[PDB]
Every structure is written in structure tokens, then in C-alpha cells.
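A.B. asks: Below are the C-alpha cells for one structure; questions will follow.
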Amino acid sequence: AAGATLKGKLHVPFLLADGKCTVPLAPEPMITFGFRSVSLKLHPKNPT
Amino acid sequence: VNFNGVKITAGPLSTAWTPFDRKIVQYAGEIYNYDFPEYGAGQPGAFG
């Protein structure tokens with residue numbers, strides 16, 4: 001319209017709020033040793 | 001062999017060659033060559 005359109009204010013629901021979410025945990029890696037060296041065999045399920 | 005008079009001692013073969021290694025795997029009608037672990041050394045993640 002022409003004159004002055006701003007009549008009121010709404011409130012937006014479902015805002016981004018905090019909490020806790022259950023994220024996965026990788027399989028236990030295999031750790032071989034060596035002089036000044038650590039060798040790791042890694043076997044994931046999903047990308048990690 | 002002994003069919004008629006003659007006997008034929010075919011043998012040996014002049015090489016001990018095999019395409020088959022000591023350790024072999026059979027699956028899906030196909031014979032792979034693979035160094036599978038023995039009965040007890042089955043590491044997690046791989047064959048065994």
C-alpha cells in the first residue's frame with residue numbers, strides 16, 4: 001500500500017538452540033609400536 | 001599305460017611350476033591368491 005504499512009511484529013518460532021546430540025564413535029584402532037614410530041591400522045564405518 | 005605291446009611312462013614335467021601359491025582362497029567359483037592368516041591369527045578388519 002501507499003502510506004505506512006508497518007503495523008506489527010510477529011515472533012519467529014523454532015529458533016536454533018543448544019543441547020546434546022548422540023554422535024557416533026569410531027572403532028578402536030590397532031596400534032603397533034616401533035622405535036620413534038607409531039603404526040596405526042584404522043578400520044572405520046563412516047568417514048572419520 | 002599298457003594298450004598294445006608298447007608301454008609309455010610319460011613323466012615328469014620339466015618344471016615344478018604352479019600358478020597356485022601355497023596359500024589359496026576359493027570363492028564364487030574363482031580362486032584368488034591371498035596370504036590369509038592361519039587359524040588363530042585372524043586380525044580384525046581383514047580376512048580372518
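Chain identifiers are assigned as A, B, and so on, following the order in which chains appear in the C-alpha cells; residues are numbered from 1 within each chain, and ligands are numbered from 1 in order of appearance.
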Would you pick out the contacts of region 21-38 of chain A at 12 Å or less, using only C-alpha atoms, so that residues sharing its chain but fewer than 6 positions from it are not included, and give the list as a list in words?
C.D. replies: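 Contacts, in chain order: residues 44, 45, 46, 47 and 48 of chain A; 43, 44 and 45 of chain B.
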A.B. asks: When the cut-off is 9 Å and we count only C-alpha atoms, which residues of chain A are near chain B, given as a ChimeraX atom specification?
C.D. replies: /A:30,41-43
A.B. asks: In Å to one decimal, how far is CA of residue 13 (chain B) from CA of residue 1 (chain B)?
C.D. replies: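 According to the coordinates, CA of residue 1 (chain B) and CA of residue 13 (chain B) are separated by 16.9 Å.
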A.B. asks: Could you check how far CA of residue 36 (chain B) sits from CA of residue 23 (chain B), in Å to one decimal?
C.D. replies: 7.0 Å
A.B. asks: For the atom pair CA of residue 40 (chain A) and CA of residue 21 (chain B), what is the interatomic distance in Å to one decimal place?
C.D. replies: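 It comes out at 29.2 Å.
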A.B. asks: Just asking: which residues within chain A are strand (DSSP E or B) according to DSSP, as a list in words?
C.D. replies: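 Residues of chain A classed as strand (DSSP E or B): residues 30, 31, 32, 33, 34, 37, 38, 39, 40 and 41 of chain A.
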